[PDB]
Structure formats: structure tokens, C-alpha cells
Amino acid sequence: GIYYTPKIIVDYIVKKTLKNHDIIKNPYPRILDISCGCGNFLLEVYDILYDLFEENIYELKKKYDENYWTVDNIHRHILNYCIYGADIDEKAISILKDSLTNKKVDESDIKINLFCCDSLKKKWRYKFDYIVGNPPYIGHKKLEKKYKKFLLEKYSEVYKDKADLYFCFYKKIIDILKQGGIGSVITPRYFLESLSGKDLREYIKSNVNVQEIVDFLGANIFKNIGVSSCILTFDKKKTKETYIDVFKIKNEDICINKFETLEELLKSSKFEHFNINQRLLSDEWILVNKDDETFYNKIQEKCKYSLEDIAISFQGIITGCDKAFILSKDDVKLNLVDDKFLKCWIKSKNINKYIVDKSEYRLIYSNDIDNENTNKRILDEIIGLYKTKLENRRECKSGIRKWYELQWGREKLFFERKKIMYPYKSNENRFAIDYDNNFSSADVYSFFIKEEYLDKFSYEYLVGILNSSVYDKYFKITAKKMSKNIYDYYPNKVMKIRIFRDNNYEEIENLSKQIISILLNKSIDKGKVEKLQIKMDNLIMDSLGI
DNA sequence: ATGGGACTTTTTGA
DNA sequence: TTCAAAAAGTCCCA
Ligand SMILES: OC[C@H]1O[C@@H](n2cnc3c(NCCCCCc4ccccc4)ncnc32)[C@H](O)[C@@H]1O
Ligand SMILES: [K+]
Ligand SMILES: [K+]
């Protein structure tokens with residue numbers, strides 16, 4: 001588990017923290033990487049430091065011990081007092097020690113401050129002027145349970161529930177950064193918007209000044225790695241303004257090596273720059289330009305309801321082993337299953353704007369199987385094919401579920417009604433009215449309108465505005481950006497969407513019903529639908545005053 | 001190939 | 001008892 005940061009980003013991160021260091025005022029800077037690995041960052045730090053000392057060698061010689069400050073002594077001084085590294089992989093440390101040693105190319109026993117340890121457990125004996133690197137990322141599924149108990153116990157300020165391991169590295173880096181120190185790291189971007197990152201965001205904002213955020217959105221920074229990156233630079237300097245530079249990429253299809261340096265890319269048309277006042281950050285960090293902020297605030301102020309106010313949200317079925325319970329609707333095995341047990345089953349791709357595709361799969365709602373003797377053929381010939389994997393689910397091992405039951409079968413009556421469904425990850429808003437009692441896994445979310453809000457909001461009106469170009473832009477302002485052309489559509493944000501009622505209600509709803517009626521007929525022509533959508537977008541923009 | 005596009009399971013803490 | 005979040009996604013092709 002060793003990952004390579006592209007050289008252009010490494011140089012930017014090191015230059016960011018060291019470009020303005022006053023080596024004459026302080027010729028003993030402590031630069032640390034608690035993830036150093038083989039030394040992607042530290043070896044570049046050595047090069048930057050060596051030039052810095054060499055360019056001012058006579059000034060140091062005059063101001064300080066003139067026998068100590070010579071070009072010949074620069075190498076030894078850097079390793080003794082300046083470069084610090086830590087990594088849990090001793091093979092990586094051994095390689096980095098050879099690399100630092102070979103920078104000069106025994107005389108006398110030069111010591112190198114490299115620690116092979118868990119950086120989250122090391123008793124750090126002092127703080128550091130500059131901290132750079134790329135921490136490990138490990139989510140809640142892939143982190144060992146025994147280790148996770150330690151993080152919950154000792155890193156509770158930033159790590160709880162579905163948090164990530166790199167949250168704790170942010171915590172450690174901030175804690176061991178000197179007063180006036182500067183830190184710069186590349187991490188996943190998700191903590192900027194994710195629900196899990198709320199505590200971490202609060203910790204950063206209240207303990208450091210965030211100088212700069214480079215947000216690569218869905219661009220693929222790490223080749224053959226499914227992750228989305230950002231670069232954060234922060235300091236512990238006494239400043240009275242604390243404004244953040246935000247560099248947000250404009251096109252995710254860029255290759256990172258367009259120029260020789262990352263600065264050229266950031267100042268180019270390929271990025272956009274804007275400023276955010278750190279003191280105006282709430283638990284949410286809404287990092288958008290002034291046009292988007294004006295747009296976002298207009299909608300928030302005009303809308304007196306949220307979806308959570310008026311609707312009941314729920315996540316789909318989690319069977320725990322889909323292959324055991326999900327069959328093609330033309331599978332011959334379904335003749336063994338009484339149709340009282342069978343439900344229509346759709347995937348996220350079956351959701352379009354305003355309507356759902358006809359289902360091609362069936363779910364065996366195995367909870368309603370009374371016992372193991374009356375429906376033996378279903379258990380023996382269909383579900384029992386995966387009995388080993390089924391028995392390994394957590395609730396089966398604890399005895400809460402029978403081996404053939406659905407892990408989280410939810411409540412049938414929630415799905416067997418008129419409701420709205422949307423995919424959990426999509427490039428655009430796709431909210432559909434479900435007329436067919438469709439069930440689904442957790443890749444599709446559903447909601448239905450509360451009974452007391454039915455005389456104010458109809459399903460037809462909701463899919464109308466929710467699928468509009470206005471609401472697509474509006475939702476993406478604060479949505480969690482996952483990968484290229486993919487946003488999370490999860491209730492923790494979808495239910496915070498705000499909605500309105502005014503004089504345009506009837507016409508918006510009527511346009512929605514025409515769209516639905518066209519989308520459902522046989523000789524379907526989408527052309528008029530696009531025109532109707534353009535007209536509805538005009539009404540909505542009129543309604544919200546944008 | 002390795003870079004790009006289509007599509008999305010069930011484990012898990014609370 | 002039972003909710004919903006979580007991409008160092010996953011997998012395939014050219
Ligand atoms: O990938 C990023 C780089 O960072 C290094 N690293 C990874 N984790 C730590 C680290 N503490 C966290 C350790 C988490 C281990 C989780 C685990 C526990 C038990 C069994 C199994 C697992 N402390 C220092 N360096 C680290 C990698 O080696 C790598 O070079
Ligand atoms: K001197
Ligand atoms: K990406």
C-alpha cells in the first residue's frame with residue numbers, strides 16, 4: 001500500500017511551504033512528513049533546502065559560527081536538524097535512508113531523523129515548522145476493527161461513525177505544527193462536503209488558518225486510482241483576516257502535466273480562483289464564486305420548505321447478498337416462487353427524469369417465507385446456493401436473522417405506494433415518480449410526501465422543479481462530488497433541498513404532467529419534452545427571481 | 001496495455 | 001431493533 005504522488009504536485013506542495021522561509025533568521029527549520037514512504041516529498045525538501053543554504057552561505061557564516069557554516073557542511077546540517085520522516089513500512093524507511101545518505105556521496109556517523117512507527121501513536125517529542133505529505137486513506141469498510149476502536153477512543157474529535165483514517169492525520173499534523181508553522185497536504189476531497197467530515201472541518205477551521213484549497217474535483221490525479229484529490233495549505237500564524245484562496249478546476253479531463261509547474265495550471269483558464277472568508281464558514285463549507293453564492297442565497301431565502309419538511313425519506317433494500325435474492329424476471333427458477341413473495345426490482349440506471357424504466361429483475365422477499373419446510377424448494381434450489389455467504393452476514397452470525405432472510409428488508413409498505421425515486425450517484429438530477437411499487441437496493445433512494453403536505457405539493461410538481469436546470473445547478477453547489485461526472489445523491493443532502501410555492505405552481509405542474517404523458521406513450525418523441533422543459537425552467541427562474 | 005467510460009454491494013457504526 | 005453513509009470505487013474495453 002504505497003502510492004506515488006505526481007512530481008508536479010510534490011514540487012508545488014514543498015514550494016508552497018518553503019518559498020518564503022527566512023533561512024538567515026531561522027537556519028534550523030524542522031520539516032516533517034509523517035507518511036514519507038520512500039521520500040517523494042522529503043527528497044525534494046532536501047533539494048530545496050540545499051539551494052537555500054548554499055545561496056546564503058556567506059551571510060550565515062558572518063552572522064553565526066563561521067566555522068560551522070560552510071558549503072561542505074550543508075549536507076550534514078540538513079540531515080541532523082532539518083529533515084524528519086515517519087512511515088510504518090520499514091522497507092520504505094530503509095530505502096529513504098539510503099537515498100538521503102547518497103545525496104552527498106564512512107566519514108563520521110551522520111544521523112538521520114527517520115522513524116519507523118505508527119505516526120498516530122508516536123509520542124512526538126516536539127513540534128515542527130513545516131509539515132508536508134500524502135497521508136493514507138482508509139475508509140470504514142477497509143479499516144481493521146481493532147485499530148478503529150483506538151481511533152474512536154483517541155481521535156474522537158475528528159473520527160466517529162463512517163469517518164476516514166486520513167481525518168486523524170489532519171488532526172495529528174495540526175496538533176504538532178509549531179506556532180507560525182505551515183502545513184500542506186494532498187488528501188481526498190470528500191471531507192469538504194461529506195457528512196462524516198463535519199467534525200474534521202470544525203477542527204481545521206478553529207485551529208488553523210486555511211491559506212489555500214486546490215480542488216481537482218473528479219480529475220484523475222493518481223493514475224489507476226479511483227479517488228478525487230485536493231491540496232490544502234494552512235498555517236498557525238497570527239493574522240487578522242483569514243481569507244482562503246480557492247482554486248477550483250474548470251474541466252476534469254485535464255492532464256496534470258500540461259505545464260512544467262502546477263502554478264501555471266492554476267493561473268490558467270483551466271482553473272477558476274475565488275476567495276472565501278473563513279469566518280463565514282458554517283458546519284458546511286460552501287466554496288463557490290460570487291455568482292453562485294448569489295444564486296444559492298436567492299434560492300435559500302425564497303424557499304420556505306425543505307424536502308425533509310414535507311417528505312419521508314428512506315434507503316432501499318439491503319439484501320446482503322444480491323445474487324441469492326435477485327433474479328431475472330424471465331428466470332425459470334421464478335416458477336418455484338409464489339408471486340406473493342416477488343417484488344419488482346430496479347437499478348439506478350433504470351431511473352430517468354420523471355419516470356422509471358420497466359423492471360427486468362425480481363426480488364424474492366424472503367422474510368415472508370414462514371418457515372423452512374413449506375417452501376423448501378425456494379430455499380434449497382435458489383437461496384441456499386449462497387448459504388455459506390449468507391450465514392457470514394453480521395446479523396446471521398448474531399442470530400438476529402435466519403440465514404435465508406434479507407439483511408435489511410425494511411418495511412414493504414414504504415415501497416408499495418406512490419413515491420419518488422432517484423439514483424444514489426448520478427451526473428444530473430434524475431427524480432422519477434414510481435407508479436409500479438418498485439423495490440430497489442441502496443443504489444436507489446425513495447421518498448413520499450407526508451399526508452399533511454399533499455394539498456400543497458404534488459408528486460408531479462416536485463419532479464418538475466427537482467428535474468429543472470435550476471435545481472440541478474442548485475443541488476450541485478453543495479453536493480458531494482465523487483468522481484468524474486458523478487455526484488452523490490444521498491438523503492443527507494437531497495433532503496436539505498428547499499422548495500417553493502407561488503403563482504407559477506399550476507403551470508409548472510401542468511408542464512410536468514405533459515412531460516410525463518409524452519414520456520409514457522408508445523410513439524414517444526423526446527423533442528417536445530425538451531421544449532416543455534425549457535419553458536418550465538423559465539417559469540422556475542421567474543419564480544425564484546434569478 | 002492504461003486510460004476512459006458505464007455503473008454501482010454490503011459492510012458498518014450508531 | 002433497524003436506520004443510512006461510505007469511492008486510495010470496480011470492472012470492462014480498446
Ligand atoms: O500510503 C501512505 C503511506 O503512509 C504509510 N502509513 C500508513 N499508515 C501509517 C501510519 N499510521 C496508520 C496505521 C494504520 C494501520 C491500520 C491497520 C491495523 C491493523 C492491521 C492492518 C492495518 N503511520 C505512519 N505511516 C503510515 C504507508 O506505509 C504509506 O507509505
Ligand atoms: K561569524
Ligand atoms: K477521480
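All chains are named by letter (A, B, ...) in the order of the sequence lines, taking the proteins before the strands, and each is independently numbered beginning at 1.
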A/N224 side chain, from C-beta outward: closest of C/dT2, C/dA7, B/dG3: B/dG3
Find every protein N or O atom lying less than 3.5 Å from an N or O atom of nucleotides 10-14 of chain C, and list the pairs.
{"from": "C/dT10", "atom 1": "OP2", "to": "A/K142", "atom 2": "NZ", "distance (Å)": "3.2"}

Restricting to side-chain contact (heavy atoms from CB on, under 4.5 Å), what partner residues turn up for A/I477, sequence neighbours left out? A/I286, A/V288, A/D292, A/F295, A/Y296
A/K160 NZ to C/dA6 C1', in whole Å, measures 16 Å
Let me have DNA chain B in dot-bracket notation, would you? Count Watson-Crick plus G-U wobble pairs, both distances under 3.5 Å, and use [ ] for pairs crossing earlier ones and | for inter-strand partners. .|||||||.|||||
Could you tell me how far apart A/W408 (CH2) and B/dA14 (P) are, to the nearest whole angstrom? 15 Å
Protein-proximity profile, nucleotides 5-10 of chain B, B/S/- by nucleotide at the 4.0 Å heavy-atom cutoff, equals --BBBB
side-chain contact (heavy atoms from CB on, under 4.5 Å) partners for A/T319, two or more places apart: A/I317, A/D322, A/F325, A/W345, A/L363, A/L406
Under 4.0 Å between a side-chain N/O of A/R410 and OP1 or OP2 of C/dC3, yes or no? yes
Would you please name every residue forming a side-chain contact (heavy atoms from CB on, under 4.5 Å) with A/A479, sequence neighbours left out? A/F475, A/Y487
Which nucleotide in the set B/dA14, C/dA8, C/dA6 lies at the smallest distance from any side-chain heavy atom of A/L152? B/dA14
Output yes when at least one side-chain N/O atom of A/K162 is less than 4.0 Å from OP1 or OP2 of B/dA14, else no. no
